[PDB]
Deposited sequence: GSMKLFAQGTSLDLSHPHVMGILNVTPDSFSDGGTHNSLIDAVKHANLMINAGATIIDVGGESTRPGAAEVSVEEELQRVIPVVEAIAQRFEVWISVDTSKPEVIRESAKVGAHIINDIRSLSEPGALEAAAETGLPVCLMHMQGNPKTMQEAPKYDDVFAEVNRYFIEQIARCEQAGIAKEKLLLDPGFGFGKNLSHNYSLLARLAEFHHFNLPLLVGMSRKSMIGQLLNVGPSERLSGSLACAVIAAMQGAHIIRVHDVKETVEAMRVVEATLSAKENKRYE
C-alpha cells in the first residue's frame, strides 16, 4: 500500500512515525526541531498550531497562514521528508499544497465551509478523523462515521485512494471507548485504507496510569506498539526517537511472521 503526493510516494508496507511539530525566531526553531525529528527517524513531519488541543485558543485564517505556510516551505526547501498540515481551513489547505504539503490532516474531516472543495482541488491525501463534534458500540459508531465521510469525500471528487482513516483517540472519549477502539483497531482494515493513530501522551494513558503529561512515555510506547502490531500505518507522536526504536522491534516481529 502506498500514498502518492507532490509527485512522490510513501511506502506503507511498514509503520511510519509522524513527528508532531507545534509552531505555536519561531521559523528557525521549527526547522531545527524538524531536523532533530528526521534524524531520530520520523518520515512525516506534522505541522500545526496549538489550536487542535481541546480548550486551546482559536486562531484567525491570517494567523494560521502566517504560522504554517513558511514552516511548510522551509521544510520542503531543506528536506525530502513528507509533510502533513494540521488544518481545517480551506485557504490553509490550498496554500499549504502550493508550498509542498503532502497530507491534509483535518481532525474535523473537512467539515468547515469550503474545506471539502479546497482539499479536492489540491488532489492531496486527506486524513479523516472521528470526533464527537464532527458533523451499538463505539466501534460501530466510528465505523459508520468512516463510511459516511468516505462517501462525502468521493462525492466531491476525492478518490478513495487519497483517504486515510483515524479513529480519533482522545478528544473527550472516555477510557473504555478509547481502549475499545485500540483493541479493535485491526477491524478498520476492511476499508483497505491507511490507518493513522494518535495516542501520544493522551488521557487514555494519563488517566489510566494517573500520571502527568510528562510521565506518559512508557504508556505512549505501549499504545504505539499495540496499534502497529495491528497494522496501523502512521503513528503520530511527540517522542520520535523512542517510538522509532519501538517500531524497529515491531517491524522485526511482523517480518518474522
Item to check | Missing CA stretches, deposited numbering from 1, N-terminus first | outcome: 1 to 2, 27 to 36, 148 to 156, 279 to 284
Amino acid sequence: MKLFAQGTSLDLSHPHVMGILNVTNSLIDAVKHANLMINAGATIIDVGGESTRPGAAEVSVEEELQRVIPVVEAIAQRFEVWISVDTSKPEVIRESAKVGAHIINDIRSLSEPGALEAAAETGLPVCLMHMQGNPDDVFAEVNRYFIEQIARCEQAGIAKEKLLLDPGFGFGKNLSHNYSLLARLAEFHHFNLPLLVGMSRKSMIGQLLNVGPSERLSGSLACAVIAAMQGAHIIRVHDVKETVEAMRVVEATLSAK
From here on, numbers count along this sequence of modelled residues.
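We call the rigid core the largest set of C-alpha positions that still match within 1.5 Å between the two forms.
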Checklist outcome for this item: Higher Cα RMS in 8 other deposited structures of this protein relative to the shown form (core alignment), 136 to 144 or 111 to 119, goes to 136 to 144
Next on the checklist: Given a rigid core fit, name the stretch, 224 to 232 or 53 to 61, whose C-alphas are on average farther from the form shown here in 8 other deposited structures of this protein.
Outcome noted: 53 to 61
Checklist entry - Between 43 to 51 and 200 to 208, which has the higher average C-alpha B-factor in the PDB entry? => result 43 to 51
Checklist outcome for this item: Going by the entry, of stretches 119 to 127 and 157 to 165 the one with greater average Cα B-factor is 157 to 165
Item to check | Candidate residues 195, 228, 56, 217, the one whose C-alpha B factor the record puts highest | outcome: 56
Item to check | Residue of maximum C-alpha B factor among 28, 38, 68, 222, per deposited coordinates | outcome: 28
Checklist entry - Taking the C-alpha B-factors as the PDB entry records them, is residue 250 in the lowest, middle or highest third of its chain? => result lowest
Checklist entry - Comparing residue 102 with the other modelled residues of its chain, is its CA B-factor in the lowest, middle or highest third? => result lowest
Checklist entry - residue 21's Cα B-factor: lowest, middle or highest third of the chain? => result middle
Checklist entry - For residue 133, does the deposited CA B-factor place it in the lowest, middle or highest third of the chain? => result highest
Checklist entry - Relative to the other modelled residues in the chain, which third contains the C-alpha temperature factor of residue 174: lowest, middle or highest? => result middle
